[PDB]
Number of protein chains: 2
Amino acid sequence: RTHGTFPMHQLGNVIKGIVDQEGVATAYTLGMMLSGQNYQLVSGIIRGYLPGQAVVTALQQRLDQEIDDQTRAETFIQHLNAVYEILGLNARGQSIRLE
Amino acid sequence: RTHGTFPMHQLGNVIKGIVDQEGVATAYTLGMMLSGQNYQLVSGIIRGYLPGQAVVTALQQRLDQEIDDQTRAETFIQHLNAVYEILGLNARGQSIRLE
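Residues numbered from 1 in each chain as written, not as in the entry; some residues may be left out. Chains lettered and ligands numbered in written order. Heavy atoms only, no water.

Structure determination for this PDB entry was carried out by solution NMR, as recorded in the header.

This is the structure we're talking about:
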């Protein structure tokens, strides 16, 4: 299951378009509102579109902490922004610092 | 012009899917981030997907006040939420009151 109302791809149309335009956390967010609270889908989709291994690591780190099963989702993007805090990304999934 | 990065319809795929799922102001918002700050496009697209004539009226009302040309866009969804304040809608483009 990927979509019912929003004309998503076979997985996450919203996600790609947004990762480039607004960044992963928005692509993530919109994947959440459009596809539903299907954390599995968004995390699977954006994980490949995540800035680098660090952003997914940080996000996974948040998931490792796992507040709950659904609460992962509830705070999934909050955790992605937390990611931005961890590694130094901005809202656009871009790095504001140089490594 | 409707889209370049995000696989939008011939006008606003994001917009329909979202109006049902998250509401016009989000559909509006996402149309703004994905399609660009093309207020013309989002206003034209969502106008048909706006809850009722009242929500579009209120939004148009905001546009009537027009802070600037681009600033309409800048605050377009803020104005849509303002719409929600005008007529009694919630964030989902739904009416929280009965007429």
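## Thoughts on the pattern of salt bridges
To keep things clear, this is the line we draw: In what follows, salt bridge is the name for a side-chain nitrogen of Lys or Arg lying within 4 Å of a carboxyl oxygen of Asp or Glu. For the purposes of this entry, the term helix denotes a DSSP run of H or I that reaches at least four residues, the term strand denotes a run of E that reaches at least two, and both are numbered from the N terminus. Think of it in three bands: residues with accessible area under 20% of the maximum for their type are buried, residues over 50% are exposed, and the middle band is partly exposed, with areas taken using a 1.4 Å probe on protein chains only.
Within the structure shown, the criterion is met by six salt bridges over all chains. As a salt-bridge pair, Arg-72 of chain A and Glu-66 of chain A come within 2.7 Å of each other at their nearest N and O atoms. Its salt-bridge partner being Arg-92 of chain B, residue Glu-22 of chain B comes within 2.9 Å of it at the nearest N-O pair. Linking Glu-22 of chain B in the loop between α1 (13-21) and α2 (24-35) with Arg-92 of chain B in the segment after α6 (76-87), this pair joins segments that are 70 residues apart in sequence. Assessed through its relative accessible area of 18%, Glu-22 of chain B is described here as buried.

## A few points about the packing of α2 of chain B against α6 of chain B
Residues and elements named next belong to chain B. Stated formally: Between the N-to-C directions of two axes lies an angle of 0 to 180 degrees, each axis being a line fitted to C-alpha atoms and, for a helix, fitted only over the stretch in contact. The labels follow the angle: roughly parallel below 35 degrees, roughly antiparallel above 145, roughly perpendicular from 65 to 115, and oblique for the rest. Residues count as neighbours in contact if any of their non-hydrogen atoms are within 4.5 Å of one another. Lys, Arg, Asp and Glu make up the charged group, whereas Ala, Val, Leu, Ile, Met, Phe, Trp, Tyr, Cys and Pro make up the nonpolar group; the residues left over, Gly among them, are polar.
Put simply, α2 and α6 touch, their axes get as near as 9 Å, and they point 175° apart. Judged by the inter-axis angle, α2 sits roughly antiparallel to α6. Contacts between α2 and α6 involve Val-24, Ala-25, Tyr-28, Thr-29 and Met-32 on the former and, on the latter, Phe-76, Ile-77, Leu-80, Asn-81 and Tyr-84. Classifying every residue of the contact of α2 with α6 gives eight nonpolar, two polar and no charged.

## Focus: the environment of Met-33 of chain B
Mapping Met-33 of chain B onto the fold places it in helix α2. A sequence separation of 27 residues divides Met-33 of chain B from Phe-6 of chain B, and the C-alpha atoms of the two residues are 9.7 Å apart. Setting aside its immediate chain neighbours within four residues, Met-33 of chain B contacts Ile-18, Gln-21, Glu-22, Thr-26 and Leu-30 of chain A.

## Brief notes about the interface of chain B and chain A
How we decide: Buried area is a sum: the accessible area each of two parts loses on coming together, probed at 1.4 Å, counted once for each and added. For this analysis, a polar contact is any N or O atom pair within 3.5 Å, provided that within protein one partner can donate a hydrogen and the other can accept it, and provided that sequence-adjacent residues contribute only side-chain to side-chain pairs.
Counting residues at the interface gives 15 residues for chain B, matched by 15 residues for chain A. For chain B, the biggest contributors to the area lost against chain A are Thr-5, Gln-21 and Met-33 of chain B; these three give 40% of the whole. At the surface where chain B touches chain A, the tally comes to zero salt bridges. Inspection of the chain B/chain A interface yields six residue pairs in polar contact. Listing elements by their share of the side of chain B that touches chain A, those giving two or more residues are α1 and α2 of chain B.

## Overview of the relation of the copies chain B and chain A
In this structure, two copies of a chain are linked by a rotation about an axis accompanied by a shift along it. Stated precisely, the cut-off is as follows: For the superposition of copies, the fit is least squares and the atoms are the C-alpha atoms.
You can overlay chain B on chain A at an RMSD of 0.0 Å; the transform is a turn of 180° with a shift of 0.0 Å along its axis. Such values leave the two copies arranged in the relation of a two-fold axis.

## With respect to α6 of chain B
Each α-helix turn comprises 3.6 residues. Residues three or four places apart therefore point the same way. Residue and element names in this part refer to chain B. The condition is simple: Expected span of a helix, by definition, is 1.5 Å for each gap between consecutive residues, and there is one gap fewer than residues.
With 12 residues, α6 should reach 16 Å at 1.5 Å per residue; the first-to-last C-alpha distance of 16 Å fits that figure. What α6 keeps buried is the set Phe-76, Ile-77, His-79, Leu-80, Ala-82, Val-83, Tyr-84 and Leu-87. Its buried side turned inward, α6 meets α2, α3 (39-46), α4 (53-65) and α5 (70-74). Looking at the residues trailing α6, positive phi occurs at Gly-88, about 95°.

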